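# A closer look at the structure
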Amino acid sequence: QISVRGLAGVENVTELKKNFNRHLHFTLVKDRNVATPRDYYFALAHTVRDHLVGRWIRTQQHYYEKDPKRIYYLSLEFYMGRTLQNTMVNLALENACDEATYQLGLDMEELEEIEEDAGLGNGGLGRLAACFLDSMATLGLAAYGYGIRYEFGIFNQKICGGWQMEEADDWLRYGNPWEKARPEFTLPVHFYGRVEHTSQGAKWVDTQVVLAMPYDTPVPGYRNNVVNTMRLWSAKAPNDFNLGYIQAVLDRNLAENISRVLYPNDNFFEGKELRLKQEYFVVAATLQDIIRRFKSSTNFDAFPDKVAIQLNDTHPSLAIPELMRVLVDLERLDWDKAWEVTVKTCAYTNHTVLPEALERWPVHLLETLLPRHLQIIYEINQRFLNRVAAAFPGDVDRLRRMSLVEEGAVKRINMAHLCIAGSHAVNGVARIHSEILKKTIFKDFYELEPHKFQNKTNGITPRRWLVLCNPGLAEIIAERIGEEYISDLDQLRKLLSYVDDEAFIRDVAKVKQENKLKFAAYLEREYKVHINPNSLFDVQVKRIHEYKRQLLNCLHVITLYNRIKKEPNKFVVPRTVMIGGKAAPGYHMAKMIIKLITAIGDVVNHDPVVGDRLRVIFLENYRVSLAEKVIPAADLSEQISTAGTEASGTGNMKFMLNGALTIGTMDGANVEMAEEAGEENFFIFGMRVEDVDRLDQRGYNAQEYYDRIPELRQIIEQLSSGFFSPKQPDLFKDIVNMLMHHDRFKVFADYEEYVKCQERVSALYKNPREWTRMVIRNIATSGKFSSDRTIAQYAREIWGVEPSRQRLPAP
Ligand SMILES: *Cc1c(COP(=O)(O)O)cnc(C)c1O
Ligand SMILES: O=C(O)c1cc(O)c(O)c(O)c1
């Protein structure tokens, strides 16, 4: 149908049709008289999967023969979403399968909608890991993603009476056709026990054993016949475990609970034992796998030439002392050699500077769970602080600031300090964030070892986030500049030469409007909500946090409503304001914010004087598959975190690529995006990082803003008095009290400038042609924010390997 989706050759279509029928009969054990759409989805998935495995087997065979340097990307989260369409796109099968299914009397888009999201992440960190696997395969790197196969991913969000309710995401219920269980490569992991010192060195004994069973998922590159592996571990009890009889069998659940459920905290540290077990479990199983593979290719001097381990945040930081434990206690390397190998192997990516996200584990937990690792950590710390003492003699304060051991009521290990000490490279995820690391939180470490500190600005994959979710936009671009941009996103710069082309302007605007109509229809169908598709689609989708300032959006929404009520017959640009995202189950303030948004909705959406000029919708159950629908439909992207708090963001980049303009602060990657597009083509507002520091020095007093801005005062008086909660007048007192007395994120300080910036947005939207021209300028400069660029930089500057766009042999 459209050229970017590949060829529908008669031979191929014919062969897909017979394999589809073969799987329905032999695999699913159904006939067409009893088959549901779900059976048809599974028949298709198995048909597509068969095309992967030939390339999968020869990719891994190729790596065995050529023995390249291997990249191990360790993460506790991989937020994969759906796999079917991605696989078709990457294999050039999408049109062929569409035709094949059409000829069987089936609508492929309907079958795509049956697939569950693999929701094994919380938000940005997990999604980024998935983006990265796609780019690593596309760039021909011998890369492996290693994580945990959680039985339950991020919870499904239900809204009941305006309140978030959680339910278990039972994503494996119908089976996962993409994974292959590999029970033959099951490995033991140890916990508890104690350390004995012999003349033969330390021995870790009397441990409890949990088994790690791997499940492999294929990760295909974009049209290059490379298929890499994501290996996810599942926890199994050994068969002698607890072995009255019945209770011993049932107690197997204790061990298997390790892989049961993803911790639902985005950017927040909860020091629970089960979480620590998950962290060690992934690390210990992964490292044995790495070492096995290395030995099949005494001399660990070559280990860093053959292995790179990338730590995604501090969650797998125990890789450092585990690698030392294996090298020293089991392989009998001397400490200094082992440490050299470790440092050259490991690299650490930091994802946030917020203190509540920092992992600081109590010593007593490590003492009980991982007694050998604690000893190793103490030894690492002592040798590290000896180096600090020699470099800065007499600076005793530096010694306690830099220590891996934090003193206090409870002693803790700072895992970020551990990662810096044991890694040859430490990076932030956007220029401003990487600079913040060197200036503030890791300043001491930067002074000791400046060479370690890098930047690697994040990116997103143009496969999932353009071709897959916005085929219309991909096509009209391909018409003008061809298809090479899909794996070389800088080629979008060629679109600058079409900024005055009247046909292009019209096509860009038509794609947006088609996307908006499709999404408006989706809203009616699944959620009984009727919206104006000629309104500006103003969207804020991301996890609910105080730092992301969904509350600032709320204050703007209420300002618009109040302004309409004051002058009802004045023209205003119509808006549909959409806000979506999950709150962590125990994050009470985030849950109150969700309730506020729905409460504003209840008032605004049923006020006849407003009509269809303002609508406020809370998008329920925001997840990767919902992102793929709403982002192509957006006009305005809300990226309004307090300056200095959002390390990078990736959502911001997705919107930029899909033809939305951005309203935001000079935070995270917004800075580099505005720099690429030109500040004239971005709606920047609010305090810079430096203004926030100055406000902190003087002391933030929110009452000042309340006293001098009458529009703000009116909103606070509405919230306090029960305007948005008549049955429960005091319902929002915690929100008001936070805003007035304890606001770490300075919502009121950016209110005036935000409101004025929003007026400029409205002004521009009234002139469709100039709106669309500015959109073209954003899309055309979004090339830097490809994850292919990011990964090429990791490969060259950290891992020491060369990317490649060269095909491997088909079929
Ligand atoms: C991209 C994405 C995120 C990250 O969005 P930010 O705005 O950068 O926080 C979170 N969740 C999902 C489902 C995504 O696709
Ligand atoms: O501020 C909090 O108490 C908080 C913040 C979070 O981001 C979170 O996931 C949580 O469970 C609690």
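All residue numbers given refer to positions from 1 along each chain's written sequence rather than to the entry's numbering, and residues for which no coordinates exist are omitted. Chains carry letters from A onward and ligands carry numbers from 1 onward, assigned in written order. Side-chain numbers here rest on the full set of heavy atoms in the structure, without hydrogens or water.

Summing up its helical and strand segments, the chain has 33 helices and 25 strands in all. Taking 811 residues into account, the globule formula puts the C-alpha radius of gyration at 28 Å, and the chain, at 27 Å, falls close to it. Remark: exposure states derive from per-residue accessible area (1.4 Å probe, protein chains only) relative to the maximum for the residue type, with buried under 20%, exposed over 50%, and partly exposed in between. Evaluated residue by residue, the chain yields a buried proportion of 62% over its 811 residues. Accessible surface, the chain: about 31900 Å² in total, of which carbon and sulfur atoms supply 51%. In summary, the charge assignment counts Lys and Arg as positive and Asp and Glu as negative, without counting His or the chain termini. Charge placement uses NZ in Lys and CZ in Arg. For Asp and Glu, CG and CD serve respectively. On the chain, the mean spot of the 102 positive side-chain charges and the mean spot of the 108 negative ones are 1 Å from each other. Numbering of helices and strands starts at the N terminus; helices are DSSP runs of H or I of at least 4 residues and strands are runs of E of at least 2. Note that the radius of gyration is over C-alpha atoms, with the globule rule given as 2.2 Å times the number of residues to the power 0.38. Each accessible area is a Shrake-Rupley estimate made with a 1.4 Å probe; only the visible protein chains count as cover when residues are assessed.

Take the sheet that holds strand β16 (residues 405-406) next. Spatial strand order, β15-β17-β16: 3 strands in an open sheet with antiparallel pairing. What marks the edges here is a single partner per strand, and that holds for β15 (360-362) and β16. Here β16 pairs with strand β17 (residues 412-414) via 2 bridges, running antiparallel. Residue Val405 lies in a different strand from β17, and its bridge partner there is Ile413. Pairs of strands are assigned from DSSP output, requiring at least two bridges between the strands.

With that out of the way, let us pick up the site of ligand 2. Taken together, the neighbourhood of ligand 2 is formed by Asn265, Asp266, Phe268, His545, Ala584 and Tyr587. In protein, a polar contact means a hydrogen-donor-capable atom and an acceptor-capable atom, both N or O and within 3.5 Å, with residues adjacent in sequence counting only if both atoms are side-chain atoms; elsewhere, any N or O pair within 3.5 Å suffices. Separating an oxygen atom of ligand 2 from a side-chain N or O atom of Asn265 is a distance of 3.3 Å. Burial of ligand 2 by the surrounding chains reaches 73%, relative to a free accessible area of 310 Å². Residues of the shell around ligand 2, tallied by class, amount to 3 nonpolar, 2 polar and 1 charged. Residue ranges for the domains originate in an automatic or database domain assignment. When residues of the shell around ligand 2 are sorted by domain, at least three fall in each of domain 1 (1-459 + 787-811) and domain 2 (460-786). Note on definitions. A residue lies near a molecule or strand when any single heavy atom of the residue is within 4 Å of it. Amino acid classes used here: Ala, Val, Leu, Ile, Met, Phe, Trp, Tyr, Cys and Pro are nonpolar; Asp, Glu, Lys and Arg are charged; the rest, including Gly, are polar.

Let us now look at the pattern of salt bridges. By definition here, a salt bridge exists when the distance from a side-chain nitrogen of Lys or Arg to a carboxyl oxygen of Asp or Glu is within 4 Å. Following the criterion strictly, the structure yields 70 salt bridges and no others. The partner of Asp500 in a salt bridge is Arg773, and the shortest N-O contact between them spans 2.9 Å. Residue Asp500 is located in the loop between α20 (471-481) and α21 (502-527), and its partner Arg773 is located in helix α32 (residues 768-780); the two are separated by 273 residues in the primary sequence. A relative accessible area of 13% places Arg773 in the buried class.

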